[PDB]
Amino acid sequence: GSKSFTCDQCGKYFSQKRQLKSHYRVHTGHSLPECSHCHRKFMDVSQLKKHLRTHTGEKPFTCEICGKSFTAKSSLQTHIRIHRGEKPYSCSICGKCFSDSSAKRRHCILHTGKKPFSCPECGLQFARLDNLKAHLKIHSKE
């Protein structure tokens, strides 16, 4: 049960050359499941079917509390915690709690003080790109 074929990208082992060639598609994209609309590629056909809803607008996960629908069950699961006031994610530095996992991760970056987004017009630095994009709209109004 040895394995002699290795991937020069991630280092995973395979017992047959054909097994290595099939796995190597995740690094080059060749022969991956390709969307017929935008021609983007994904890891397997199930991830492709999830992406298909981005073109059709289908939201098959509806909240039974307010009636709003979502594209993914994970998004619905996160949304339901809003109705119940469930905030399991907390910042270990200041104690601020969030129901959204990304809101907590985004908040914790503020304790580092890093502002890697600098305005190309005036040089004002921002910790988030979306706030810089909104700031540049003020510049757009000449």
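Residue positions are given as counts along the sequence shown, with the first one as 1. Just so we're on the same page, rigid core means the largest C-alpha set that superposes within 1.5 Å between forms.
Between stretches 84 to 92 and 32 to 40, greater average Cα displacement in 5 other deposited structures of this protein relative to the shown form, fitted by the core, falls on 32 to 40. Across the superposed structures in 5 other deposited structures of this protein, aligned by the core, the stretch whose Cα atoms lie more distant on average is 41 to 49, chosen from 113 to 121 and 41 to 49. Between the stretches 54 to 62 and 28 to 36, it is 28 to 36 that shows the larger average CA temperature factor. In this entry, 11 to 19 shows the higher mean Cα temperature factor of the pair 123 to 131 and 11 to 19. The top Cα temperature factor in the record, among 111, 84, 49, 79, falls on 84. Ranked by Cα temperature factor within the chain, residue 115 sits in the middle third according to the deposited record.
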